[PDB]
>>> print(open('final.pdb').read())   # PDB, C-alpha atoms (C1' of nucleotides) and all ligand atoms
ATOM      1  CA  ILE A  17       0.000   0.000   0.000
ATOM      2  CA  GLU A  18       1.103   3.574  -0.674
ATOM      3  CA  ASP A  19       0.580   4.845   2.880
ATOM      4  CA  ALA A  20       2.826   2.379   4.724
ATOM      5  CA  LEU A  21       5.762   3.121   2.426
ATOM      6  CA  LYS A  22       5.699   6.860   3.131
ATOM      7  CA  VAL A  23       5.186   6.050   6.822
ATOM      8  CA  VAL A  24       8.292   3.844   6.937
ATOM      9  CA  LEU A  25      10.344   6.360   4.966
ATOM     10  CA  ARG A  26       9.332   9.044   7.479
ATOM     11  CA  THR A  27      10.179   6.753  10.412
ATOM     12  CA  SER A  28      13.595   6.045   8.873
ATOM     13  CA  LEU A  29      14.338   9.621   7.775
ATOM     14  CA  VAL A  30      13.666  10.811  11.317
ATOM     15  CA  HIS A  31      15.982   8.262  12.973
ATOM     16  CA  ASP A  32      18.437   8.011  10.028
ATOM     17  CA  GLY A  33      17.335   4.671   8.656
ATOM     18  CA  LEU A  34      17.454   5.315   4.908
ATOM     19  CA  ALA A  35      20.547   3.986   3.141
ATOM     20  CA  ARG A  36      20.055   6.570   0.408
ATOM     21  CA  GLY A  37      22.027   5.037  -2.454
ATOM     22  CA  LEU A  38      23.355   1.599  -3.328
ATOM     23  CA  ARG A  39      26.832   1.404  -1.764
ATOM     24  CA  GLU A  40      25.443   2.263   1.670
ATOM     25  CA  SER A  41      22.538  -0.076   0.910
ATOM     26  CA  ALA A  42      24.930  -2.872  -0.077
ATOM     27  CA  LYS A  43      26.971  -2.354   3.096
ATOM     28  CA  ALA A  44      23.822  -2.372   5.246
ATOM     29  CA  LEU A  45      22.538  -5.555   3.590
ATOM     30  CA  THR A  46      25.925  -7.248   4.016
ATOM     31  CA  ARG A  47      25.801  -6.279   7.688
ATOM     32  CA  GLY A  48      22.853  -7.052   9.929
ATOM     33  CA  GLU A  49      21.370  -3.633   9.231
ATOM     34  CA  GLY A  50      19.031  -3.420   6.247
ATOM     35  CA  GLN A  51      15.542  -4.357   7.419
ATOM     36  CA  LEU A  52      13.727  -3.313   4.223
ATOM     37  CA  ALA A  53      14.593  -2.438   0.620
ATOM     38  CA  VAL A  54      12.616  -0.677  -2.119
ATOM     39  CA  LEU A  55      14.109  -0.446  -5.609
ATOM     40  CA  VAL A  56      12.983   0.489  -9.106
ATOM     41  CA  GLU A  57      12.968  -1.841 -12.111
ATOM     42  CA  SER A  58      13.247   1.050 -14.606
ATOM     43  CA  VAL A  59      17.039   0.924 -14.308
ATOM     44  CA  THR A  60      19.256   0.820 -17.383
ATOM     45  CA  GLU A  61      21.276  -2.402 -17.914
ATOM     46  CA  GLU A  62      19.494  -3.894 -14.898
ATOM     47  CA  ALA A  63      22.655  -5.163 -13.184
ATOM     48  CA  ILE A  64      22.212  -2.989 -10.081
ATOM     49  CA  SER A  65      18.791  -4.515  -9.396
ATOM     50  CA  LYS A  66      20.242  -7.996  -9.931
ATOM     51  CA  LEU A  67      23.012  -7.244  -7.428
ATOM     52  CA  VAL A  68      20.436  -5.936  -4.942
ATOM     53  CA  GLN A  69      18.443  -9.161  -5.324
ATOM     54  CA  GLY A  70      21.568 -11.282  -4.897
ATOM     55  CA  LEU A  71      22.551  -9.428  -1.734
ATOM     56  CA  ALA A  72      18.943  -9.866  -0.595
ATOM     57  CA  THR A  73      19.315 -13.648  -0.831
ATOM     58  CA  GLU A  74      22.180 -13.386   1.721
ATOM     59  CA  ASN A  76      17.045  -8.730   6.136
ATOM     60  CA  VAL A  77      15.140 -10.576   3.398
ATOM     61  CA  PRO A  78      12.033  -8.581   2.384
ATOM     62  CA  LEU A  79      12.128  -6.307  -0.662
ATOM     63  CA  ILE A  80       9.586  -4.057  -2.381
ATOM     64  CA  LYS A  81       9.332  -3.362  -6.119
ATOM     65  CA  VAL A  82       8.097   0.239  -6.340
ATOM     66  CA  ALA A  83       8.674   1.911  -9.727
ATOM     67  CA  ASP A  84       9.255   5.609 -10.608
ATOM     68  CA  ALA A  85      12.820   6.127  -9.398
ATOM     69  CA  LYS A  86      12.546   9.922  -9.614
ATOM     70  CA  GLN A  87       9.227   9.862  -7.767
ATOM     71  CA  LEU A  88      10.707   7.260  -5.402
ATOM     72  CA  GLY A  89      13.401   9.751  -4.435
ATOM     73  CA  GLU A  90      10.831  12.550  -4.272
ATOM     74  CA  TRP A  91       8.641  10.815  -1.677
ATOM     75  CA  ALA A  92      11.725   9.194  -0.115
ATOM     76  CA  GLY A  93      12.626  12.483   1.587
ATOM     77  CA  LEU A  94      15.816  13.241  -0.349
ATOM     78  CA  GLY A  95      14.397  16.635  -1.276
ATOM     79  CA  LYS A  96      14.749  19.677   0.951
ATOM     80  CA  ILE A  97      11.169  20.567  -0.154
ATOM     81  CA  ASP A  98      11.184  24.072   1.337
ATOM     82  CA  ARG A  99       8.088  25.185  -0.587
ATOM     83  CA  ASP A 100       4.864  23.209  -0.814
ATOM     84  CA  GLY A 101       5.693  22.181  -4.372
ATOM     85  CA  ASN A 102       8.879  20.450  -5.454
ATOM     86  CA  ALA A 103      11.675  23.035  -5.407
ATOM     87  CA  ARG A 104      14.383  20.860  -7.023
ATOM     88  CA  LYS A 105      14.746  19.961 -10.699
ATOM     89  CA  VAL A 106      15.736  16.281 -10.413
ATOM     90  CA  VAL A 107      16.541  14.035  -7.454
ATOM     91  CA  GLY A 108      16.339  10.248  -7.208
ATOM     92  CA  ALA A 109      17.429   7.284  -5.107
ATOM     93  CA  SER A 110      16.779   4.163  -7.253
ATOM     94  CA  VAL A 111      17.429   2.110  -4.093
ATOM     95  CA  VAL A 112      16.282   2.801  -0.531
ATOM     96  CA  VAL A 113      17.130   0.602   2.457
ATOM     97  CA  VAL A 114      15.334   0.903   5.799
ATOM     98  CA  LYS A 115      17.586   0.038   8.752
ATOM     99  CA  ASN A 116      15.857   1.538  11.807
ATOM    100  CA  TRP A 117      12.170   0.652  12.088
ATOM    101  CA  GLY A 118      11.464   3.632  14.358
ATOM    102  CA  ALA A 119       7.821   4.198  15.183
ATOM    103  CA  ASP A 120       5.415   1.420  14.216
ATOM    104  CA  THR A 121       1.916   1.670  12.726
ATOM    105  CA  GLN A 122      -0.547  -1.212  12.441
ATOM    106  CA  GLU A 123      -1.309  -0.812   8.732
ATOM    107  CA  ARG A 124       2.403  -0.854   7.882
ATOM    108  CA  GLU A 125       3.122  -3.988   9.932
ATOM    109  CA  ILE A 126       0.160  -5.774   8.347
ATOM    110  CA  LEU A 127       1.520  -4.751   4.936
ATOM    111  CA  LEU A 128       5.036  -6.007   5.676
ATOM    112  CA  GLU A 129       3.654  -9.271   7.068
ATOM    113  CA  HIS A 130       1.657  -9.671   3.849
ATOM    114  CA  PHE A 131       4.757  -8.998   1.746
ATOM    115  CA  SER A 132       6.766 -11.484   3.817
ATOM    116  CA  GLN A 133       4.056 -14.098   3.242
ATOM    117  CA  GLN A 134       4.185 -13.415  -0.523
TER     118      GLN A 134
ATOM    119  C1'   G B   1      24.093   4.370 -10.708
ATOM    120  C1'   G B   2      28.311   9.793  -5.719
ATOM    121  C1'   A B   3      27.490  17.050  -4.653
ATOM    122  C1'   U B   4      31.600  15.427  -1.915
ATOM    123  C1'   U B   5      35.275  14.049   2.434
ATOM    124  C1'   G B   6      39.377  11.524   4.221
ATOM    125  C1'   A B   7      43.773   8.054   3.815
ATOM    126  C1'   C B   8      48.074   3.171   4.632
ATOM    127  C1'   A B   9      52.148   2.603   1.655
ATOM    128  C1'   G B  10      55.503   4.622  -1.716
ATOM    129  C1'   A B  11      57.459   9.344  -5.494
ATOM    130  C1'   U B  12      57.409  14.732  -3.700
ATOM    131  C1'   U B  13      58.363  17.480   0.370
ATOM    132  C1'   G B  14      61.914  19.845   5.768
ATOM    133  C1'   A B  15      58.595  17.106   7.517
ATOM    134  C1'   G B  16      55.390  11.039  10.398
ATOM    135  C1'   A B  17      51.748  17.515   5.169
ATOM    136  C1'   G B  18      46.948  12.368   1.226
ATOM    137  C1'   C B  19      50.084  19.419   0.495
ATOM    138  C1'   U B  20      50.591  17.325  -5.014
ATOM    139  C1'   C B  21      50.912  12.521  -7.921
ATOM    140  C1'   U B  22      51.007   6.218  -8.391
ATOM    141  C1'   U B  23      47.334   3.174  -7.524
ATOM    142  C1'   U B  24      42.979   2.139  -5.093
ATOM    143  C1'   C B  25      39.726   2.139  -0.509
ATOM    144  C1'   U B  26      36.646   5.171   2.811
ATOM    145  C1'   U B  27      32.659   9.028   3.480
ATOM    146  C1'   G B  28      27.570  10.382   3.132
ATOM    147  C1'   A B  29      24.075  16.184   1.445
ATOM    148  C1'   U B  30      27.468  19.126   6.035
ATOM    149  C1'   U B  31      29.262  20.224   1.059
ATOM    150  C1'   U B  32      31.646  21.392  -4.334
ATOM    151  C1'   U B  33      31.538  25.695  -9.094
ATOM    152  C1'   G B  34      29.260  30.295 -10.545
ATOM    153  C1'   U B  35      26.155  35.127  -8.968
ATOM    154  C1'   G B  36      24.831  38.335  -5.311
ATOM    155  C1'   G B  37      26.364  39.286  -0.607
ATOM    156  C1'   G B  38      29.133  38.725   3.949
ATOM    157  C1'   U B  39      33.326  38.156   6.966
ATOM    158  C1'   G B  40      38.736  38.420   8.112
ATOM    159  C1'   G B  41      42.718  41.950   7.753
ATOM    160  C1'   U B  42      49.403  44.693  13.551
ATOM    161  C1'   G B  43      46.352  46.624   4.950
ATOM    162  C1'   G B  44      46.177  52.522   3.888
ATOM    163  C1'   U B  45      44.335  57.169   5.543
ATOM    164  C1'   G B  46      45.296  59.951  13.200
ATOM    165  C1'   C B  47      45.002  65.476   7.064
ATOM    166  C1'   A B  48      37.862  61.507   7.797
ATOM    167  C1'   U B  49      36.812  60.068  13.291
ATOM    168  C1'   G B  50      35.793  58.522  18.687
ATOM    169  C1'   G B  51      38.254  57.423  23.305
ATOM    170  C1'   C B  52      42.658  58.325  25.731
ATOM    171  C1'   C B  53      46.904  60.712  26.671
ATOM    172  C1'   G B  54      50.706  64.686  25.615
ATOM    173  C1'   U B  55      51.479  69.812  24.909
ATOM    174  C1'   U B  56      50.298  75.106  24.796
ATOM    175  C1'   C B  57      50.388  75.656  30.752
ATOM    176  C1'   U B  58      52.041  74.530  36.602
ATOM    177  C1'   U B  59      51.332  78.998  34.912
ATOM    178  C1'   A B  60      46.457  81.772  36.988
ATOM    179  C1'   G B  61      43.730  82.136  33.759
ATOM    180  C1'   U B  62      38.469  82.053  31.703
ATOM    181  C1'   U B  63      33.178  82.803  31.146
ATOM    182  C1'   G B  64      28.180  84.308  30.465
ATOM    183  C1'   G B  65      23.015  87.362  33.019
ATOM    184  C1'   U B  66      20.856  92.544  33.907
ATOM    185  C1'   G B  67      23.525  97.451  33.775
ATOM    186  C1'   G B  68      27.094 101.550  31.357
ATOM    187  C1'   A B  69      30.286 103.119  26.592
ATOM    188  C1'   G B  70      30.751 102.464  21.608
ATOM    189  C1'   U B  71      27.059 102.502  14.562
ATOM    190  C1'   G B  72      30.212  98.556  15.054
ATOM    191  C1'   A B  73      33.854  94.430  15.609
ATOM    192  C1'   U B  74      34.484  94.800  20.984
ATOM    193  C1'   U B  75      34.779  96.828  25.734
ATOM    194  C1'   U B  76      33.588  97.792  31.580
ATOM    195  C1'   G B  77      32.613  93.802  35.452
ATOM    196  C1'   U B  78      38.385  90.940  34.772
ATOM    197  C1'   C B  79      41.421  97.581  37.933
ATOM    198  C1'   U B  80      45.395 102.994  40.353
ATOM    199  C1'   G B  81      47.879 100.745  44.291
ATOM    200  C1'   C B  82      49.627  97.064  48.368
TER     201        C B  82
HETATM  202 MG    MG C 201      43.381  42.877  13.574
HETATM  203 MG    MG C 202      45.814  64.460  15.068
HETATM  204 MG    MG C 203      44.800  73.569  32.193
HETATM  205 MG    MG C 204      25.325  94.679  27.114
HETATM  206 MG    MG C 205      37.776  91.880  29.186
END
>>> encode(input="final.pdb", output="structure tokens")
Amino acid sequence: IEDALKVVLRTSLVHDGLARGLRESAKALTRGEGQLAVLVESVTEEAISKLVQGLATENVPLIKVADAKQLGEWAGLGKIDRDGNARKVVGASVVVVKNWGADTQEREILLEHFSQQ
RNA sequence: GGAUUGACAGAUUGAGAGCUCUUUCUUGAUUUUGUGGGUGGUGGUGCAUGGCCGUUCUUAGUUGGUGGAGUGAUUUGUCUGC
């Protein structure tokens, strides 16, 4: 669901849980750190997503949200001083949640559903 | 899918300075390059200034209010004496 994802990105931006990028994400997944991972499939040459999946096999669950630019936009990378987007382009293309922070019921039901697959 | 940061070892250096290079590794939006602007300056101007001190001047010297003399600038009061 769309709500739980923004909730978890807020709970990990507040307590510094987002591994904003792929090297930090890879290091977190290699360690016992990365508790969640959202990545976009609209990536050229597709090897980064394959590497993310392989590191995920190894901290298991992953999400497959598209729209890398939008993913970064609602991932909190923007300073977003105004109400509207005040930056030309900003993206993440991989986001890893380390610290779960505050917990909401809808989000935990969603992650349990995604774990069940 | 890296604005950037930092560095072992060597060349380089006076340096055990990752200053610069060889290679690579680390770091995460604080930054980096341009514009405006701002700071810092035992930089200049004491002949732009303050404050302070020095000196004229260690002497006894100044000043204005009513009043008098001058058209007036000024003067008397601030003096002949002791
Ligand atoms: Mg100075
Ligand atoms: Mg002077
Ligand atoms: Mg005097
Ligand atoms: Mg008179
Ligand atoms: Mg007189």
>>> residues_around(input="final.pdb", residues="residue 64 (chain A)", least_positions_apart="2", cutoff="12 Å", atoms="only C-alpha atoms (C1' of nucleotides)", output="PDB file with C-alpha atoms (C1' of nucleotides), in the frame of the given file")
ATOM      1  CA  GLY A  37      22.027   5.037  -2.454  1.00  0.00           C
ATOM      2  CA  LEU A  38      23.355   1.599  -3.328  1.00  0.00           C
ATOM      3  CA  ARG A  39      26.832   1.404  -1.764  1.00  0.00           C
ATOM      4  CA  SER A  41      22.538  -0.076   0.910  1.00  0.00           C
ATOM      5  CA  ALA A  42      24.930  -2.872  -0.077  1.00  0.00           C
ATOM      6  CA  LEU A  55      14.109  -0.446  -5.609  1.00  0.00           C
ATOM      7  CA  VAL A  56      12.983   0.489  -9.106  1.00  0.00           C
ATOM      8  CA  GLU A  57      12.968  -1.841 -12.111  1.00  0.00           C
ATOM      9  CA  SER A  58      13.247   1.050 -14.606  1.00  0.00           C
ATOM     10  CA  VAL A  59      17.039   0.924 -14.308  1.00  0.00           C
ATOM     11  CA  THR A  60      19.256   0.820 -17.383  1.00  0.00           C
ATOM     12  CA  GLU A  61      21.276  -2.402 -17.914  1.00  0.00           C
ATOM     13  CA  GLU A  62      19.494  -3.894 -14.898  1.00  0.00           C
ATOM     14  CA  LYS A  66      20.242  -7.996  -9.931  1.00  0.00           C
ATOM     15  CA  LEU A  67      23.012  -7.244  -7.428  1.00  0.00           C
ATOM     16  CA  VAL A  68      20.436  -5.936  -4.942  1.00  0.00           C
ATOM     17  CA  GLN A  69      18.443  -9.161  -5.324  1.00  0.00           C
ATOM     18  CA  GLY A  70      21.568 -11.282  -4.897  1.00  0.00           C
ATOM     19  CA  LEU A  71      22.551  -9.428  -1.734  1.00  0.00           C
ATOM     20  CA  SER A 110      16.779   4.163  -7.253  1.00  0.00           C
ATOM     21  CA  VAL A 111      17.429   2.110  -4.093  1.00  0.00           C
TER      22      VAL A 111
ATOM     23  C1'   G B   1      24.093   4.370 -10.708  1.00  0.00           C
TER      24        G B   1
END
>>> resolve_selection(input="final.pdb", expression="the PyMOL selection byres ((chain B) within 12 of (chain A))", output="PDB file with C-alpha atoms (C1' of nucleotides), in the frame of the given file")
ATOM      1  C1'   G B   1      24.093   4.370 -10.708  1.00  0.00           C
ATOM      2  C1'   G B   2      28.311   9.793  -5.719  1.00  0.00           C
ATOM      3  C1'   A B   3      27.490  17.050  -4.653  1.00  0.00           C
ATOM      4  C1'   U B  26      36.646   5.171   2.811  1.00  0.00           C
ATOM      5  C1'   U B  27      32.659   9.028   3.480  1.00  0.00           C
ATOM      6  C1'   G B  28      27.570  10.382   3.132  1.00  0.00           C
ATOM      7  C1'   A B  29      24.075  16.184   1.445  1.00  0.00           C
TER       8        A B  29
END
>>> resolve_selection(input="final.pdb", expression="the PyMOL selection byres (((chain A and resi 50) around 7) and not hetatm)", output="JSON, numbers by chain")
{"A": [44, 45, 48, 49, 51, 52, 76, 113, 114, 115]}
>>> atom_distance(input="final.pdb", atom1="CA of residue 31 (chain A)", atom2="CA of residue 112 (chain A)")
14.6 Å
>>> atom_distance(input="final.pdb", atom1="CA of residue 33 (chain A)", atom2="CA of residue 106 (chain A)")
22.4 Å
>>> closest_residue(input="final.pdb", among="B:57, B:47, B:79, B:7", to="ligand MG 202 (chain C)", atoms="only C-alpha atoms (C1' of nucleotides) and all ligand atoms")
B:47
>>> atom_distance(input="final.pdb", atom1="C1' of residue 31 (chain B)", atom2="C1' of residue 6 (chain B)")
13.7 Å
>>> residues_near_ligand(input="final.pdb", ligand="ligand MG 201 (chain C)", cutoff="9 Å", atoms="all atoms listed in the file", output="VMD selection string")
chain B and resid 40 to 42
>>> resolve_selection(input="final.pdb", expression="the PyMOL selection byres (((chain B and resi 67) around 12) and not hetatm)", output="JSON, numbers by chain")
{"B": [65, 66, 68, 69, 76, 77]}
>>> residues_near_ligand(input="final.pdb", ligand="ligand MG 203 (chain C)", cutoff="10 Å", atoms="all atoms listed in the file", output="VMD selection string")
chain B and resid 56 to 61
>>> residues_around(input="final.pdb", residues="residue 128 (chain A)", least_positions_apart="2", cutoff="12 Å", atoms="only C-alpha atoms (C1' of nucleotides)", output="list in words")
residues 17, 20, 21, 24, 51, 52, 53, 77, 78, 79, 80, 117, 120, 121, 122, 123, 124, 125, 126, 130, 131, 132, 133 and 134 of chain A
>>> closest_residue(input="final.pdb", among="B:45, B:73, B:62, B:23", to="ligand MG 205 (chain C)", atoms="only C-alpha atoms (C1' of nucleotides) and all ligand atoms")
B:62
>>> closest_residue(input="final.pdb", among="A:54, A:72, A:107, A:34", to="residue 90 (chain A)", atoms="all atoms listed in the file")
A:107
